[PDB]
């Protein structure tokens, strides 16, 4: 039983939700968390979707080394100068000092791009589109939290190289849309697509696109996935060049993108859809969509007749026929785990050709005829998915509003909301917003489709260049 309340102390509600759902176990190294099968299976569903989609775009899977040499990492600013403290360094094997220390990838640009330079000697050799599923380490400064901000995490990073800007620019938005599908269609989480401001964008790229999600219970936004156009910053840095097709002896630098998505997805799913009864799984990612619990031989045969029939309609179902646990225990158990539907069968319903289905999201008990099983259970699963998305949508609309001068901006921000405001775009101004609201508010993204069109000649909260989504964030 979960005894914390998401409204009371978010930090202790989250800790008990991830542990009692058997998603997370704690490790003795700060910011490192064990992914138990319940959590890992969600990542695997995400991985199945994204991998298939990027494969349609021509991207191929690979695996590059985890260790990055001091020269390659230092080669040029993959990072900016402040990222250096988050890099973990190996300096010895056993008791023997390494001649030069080696770093654990915090990202793989500096591992991959020297090889890209070797593979590209003509425009024939482009595009290169590689993706890897792997683990990366960042010795994070902020307070660690499972799946939101971890010291080690799992991700996919995609790195693609092109002959022209226009090819690259198209992929950036293709990948971002796929990140948006993961959140919206898989995890039933609504997101805002946008571009990072000068201050918040990756210093190694030209522009950074992003999807931002909102976590009501904290009043904070969070970056869900990232898709950069690196332009020619890295190809100039690593000499990824090909020969001009028309002009003797003349070199062109490749255009590059890089994009990544992490297990942070699962934490956002938890923070958005979790309730005071525990985890709530969107059916699309639930490895168990229906759990069957009997409330011997006659009644179980009915339970297994339901479970074979549900498998026959491609529904992921588990029959919890264990005799060593009381039904009440099972109810609590699978509710904490967030199974979308509990299918209860008692002696009463069996004789009636009946059963009761309990949806995890709303709690309604539904009495359905036995014949009705595959058709009605799948209809409930799709309404749970739609219901979870609709509830989080209307929650996002409620907490994302518009203000046009600083005093109005703060009042909404202090009410636990994020707001789109007319913005200079300049770093000095964004710093000032950061400390005036302080607890300080950051820019989240410049939305592709802002709530309002910017008023003719409107000024920042210099003239305004764009409505920018601001808020307190992770």
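Numbering follows the first chain given and starts at 1. C-alpha atoms forming the largest set that superposes within 1.5 Å between two forms make up the rigid core.
Undergrad: Would you say which of 241-249 and 195-203 moves more relative to the shown form in 9 other deposited structures of this protein, going by RMS C-alpha distance with the core superposed?
TA: After the core superposition, the stretch with higher RMS deviation in 9 other deposited structures of this protein is 241-249.
Undergrad: May I ask which stretch, 355-363 or 95-103, sits farther from the shown form in 9 other deposited structures of this protein once every structure is superposed on the core, judging by RMS CA distance?
TA: Higher average C-alpha offset in 9 other deposited structures of this protein goes to 95-103.
Undergrad: Taking residue 173 and residue 174 as adjacent modelled residues, how many residues of the deposited sequence between them have no coordinates (none, 1 to 3, 4 to 9, 10 or more)?
TA: Going from residue 173 to residue 174, the model skips no residues of the deposited sequence.
Undergrad: Counting only residues from the deposited sequence, how many are left out of the model between residue 52 and residue 53 (none, 1 to 3, 4 to 9, 10 or more)?
TA: The entry has no unmodelled residues between residue 52 and residue 53.
Undergrad: Do the CA atoms of 321-329 or those of 335-343 have the higher mean B-factor in the entry?
TA: Per the PDB entry, the higher value belongs to 321-329.
Undergrad: Please compare 89-97 with 359-367 and say which has the higher mean C-alpha temperature factor in the record.
TA: It is 359-367.
Undergrad: Highest recorded C-alpha temperature factor, please, choosing from 151, 273, 397, 228.
TA: It is 397.
Undergrad: Going by the entry, which of 303, 384, 217, 186 has the most elevated CA B factor?
TA: The record points to 303.
Undergrad: Lowest, middle or highest third of the chain for the C-alpha temperature factor of residue 144?
TA: Top third by C-alpha B-factor.
Undergrad: Where does residue 252 sit by CA temperature factor within its chain: lowest, middle or highest third?
TA: According to the entry, residue 252 has a C-alpha B-factor in the chain's lowest third.
Undergrad: Lowest, middle or highest third: where is residue 417 by Cα B-factor in its chain?
TA: For residue 417, the deposited C-alpha B-factor lands in the highest third.
Undergrad: Can you tell me which third, lowest, middle or highest, the CA B-factor of residue 446 falls into for its chain?
TA: For residue 446, whose C-alpha B-factor we compare with every modelled residue in the chain, the answer is the middle third.
Undergrad: Looking at the entry's B-factor column for C-alpha atoms only, identify whether residue 56 ranks in the lowest, middle or highest third of its chain.
TA: Answer is middle: the recorded C-alpha B-factor places it there.
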